[PDB]
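Listed below, chain by chain, are the residues.
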Amino acid sequence: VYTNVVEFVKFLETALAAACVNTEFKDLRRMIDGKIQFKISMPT
Amino acid sequence: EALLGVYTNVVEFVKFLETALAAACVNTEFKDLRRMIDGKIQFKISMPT
């Protein structure tokens, strides 16, 4: 009997992950929203 | 829901004296400049033949 096994992949061991900050969040089904409030001051 | 951060710009000031523009100028601190009316510089040019 001759079988194949497909090559498995990891997300964090690909060079795609320079474009993402990666924080594992344990219970995301308990979240409604999230927000980031920027406050840009401006010189004149 | 959640706050994930408060991210704020910081204005780093740029002094005129530490620009490289100021090599094109001569900078003197002058205390009372409202008192002055007029400045004046005199040149004397001799021309030999």
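These residue numbers run from 1 along each chain by written sequence and may not equal the entry numbers. Residues without coordinates are not shown. Ligands are numbered from 1 and chains lettered from A, in the order in which they are written. Working note: chains shown belong to a larger assembly, and all values are for the shown part only. The basis for every side-chain value is the complete set of heavy atoms in the structure, and neither hydrogens nor water enter the calculation.

- As documented in the archive entry, the model was determined using cryo-EM at 4.3 Å resolution.

## Structural notes on the overall build of chain B
Moving on, step 1. When you go through chain B residue by residue, the secondary structure sums to zero helices and one strand.
Moving on, step 2. On the principal axes, the C-alpha backbone points of chain B span a range of 90 × 35 × 10 Å.
Moving on, step 3. In short, Shrake-Rupley with a 1.4 Å probe defines the accessible areas, and a residue's cover is counted only from the protein chains shown. As displayed, chain B offers around 5700 Å² of accessible surface, 59% of which is attributable to carbon and sulfur atoms.
Moving on, step 4. Charged residues are defined narrowly, with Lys and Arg counted positive, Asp and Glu counted negative, and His plus the chain ends left uncounted. A charge is said to be at NZ when it belongs to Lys, at CZ for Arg, at CG for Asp and at CD for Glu. Between the averaged position of the 6 positive side-chain charges in chain B and that of its 6 negative side-chain charges there is a distance of 20 Å. Secondary structure is summarised from DSSP: a helix means a run of H or I of at least four residues, a strand means a run of E of at least two, and numbering begins at the N terminus for each.

## Things to note about a nonpolar patch on the surface
Moving on, step 1. Taken together, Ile 36, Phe 38 and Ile 40 of chain A together with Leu 4 and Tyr 7 of chain B make up a surface patch of nonpolar side chains, about 580 Å² in accessible area.
Moving on, step 2. Only β1 (35-39) of chain A together with β1 (3-8) of chain B provide two or more residues apiece to the nonpolar patch. The patches reported here contain residues having more than 30% relative accessible area and no salt bridge. Joining distances are 9 Å for like charges and 5 Å for nonpolar side chains (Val, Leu, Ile, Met, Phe, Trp, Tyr). By definition here, a salt bridge exists when the distance from a side-chain nitrogen of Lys or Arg to a carboxyl oxygen of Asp or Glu is within 4 Å.

## A closer look at the interface of chain B and chain A
Moving on, step 1. Counting from both sides, the interface comprises ten residues of chain B and, opposite them, ten residues of chain A.
Moving on, step 2. Buried area is understood as the total, over both parts, of accessible area removed when two parts are fitted together, assessed with a 1.4 Å probe. Regarding the contact of chain B and chain A, the summed buried area is about 950 Å², with carbon and sulfur atoms giving 59% of it.
Moving on, step 3. On the chain B side of the contact with chain A, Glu 1, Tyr 7 and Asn 9 of chain B bury the most area, a combined 44% of that side's loss.
Moving on, step 4. Connecting chain B to chain A are zero salt bridges.
Moving on, step 5. We define a polar contact as two N or O atoms separated by no more than 3.5 Å, with the added condition that, inside protein, one atom must be a possible hydrogen donor and the other a possible acceptor, whereas residues neighbouring each other in sequence contribute only through side-chain atom pairs. At the surface where chain B touches chain A, the tally comes to three residue pairs in polar contact.
Moving on, step 6. Residues are grouped as follows: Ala, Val, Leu, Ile, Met, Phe, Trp, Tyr, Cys and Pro are nonpolar; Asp, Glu, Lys and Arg are charged; every other residue, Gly included, is polar. For the side of chain B that touches chain A, a count of residues per class yields six nonpolar, three polar and one charged.
Moving on, step 7. Following DSSP output, two strands are said to pair if at least two bridges run between them. In this structure, β1 of chain A lies alongside β1 of chain B, joined through four bridges in parallel fashion. The residue bridging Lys 35 of chain A from the neighbouring strand is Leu 3 of chain B, located in β1 of chain B. Working rule for contacts: check all heavy atoms of both residues, and any pair within 4.5 Å makes them a contact.

## Focus on the packing of aromatic side chains
Moving on, step 1. Each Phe, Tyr or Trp ring, with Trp reduced to its six-membered ring, pairs with another whose centre is within 6.5 Å; inter-plane angles below 30 degrees give stacked pairs, above 60 give edge-to-face pairs, and intermediate values give tilted ones. Throughout the structure, instances matching the rule amount to one aromatic pair over all chains.
Moving on, step 2. Ring geometry for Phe 38 of chain A versus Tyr 7 of chain B: centroids 5.9 Å apart, planes at 50°, classification tilted. In this pair, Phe 38 of chain A is assigned in strand β1 and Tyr 7 of chain B in strand β1, connecting two distinct chains.

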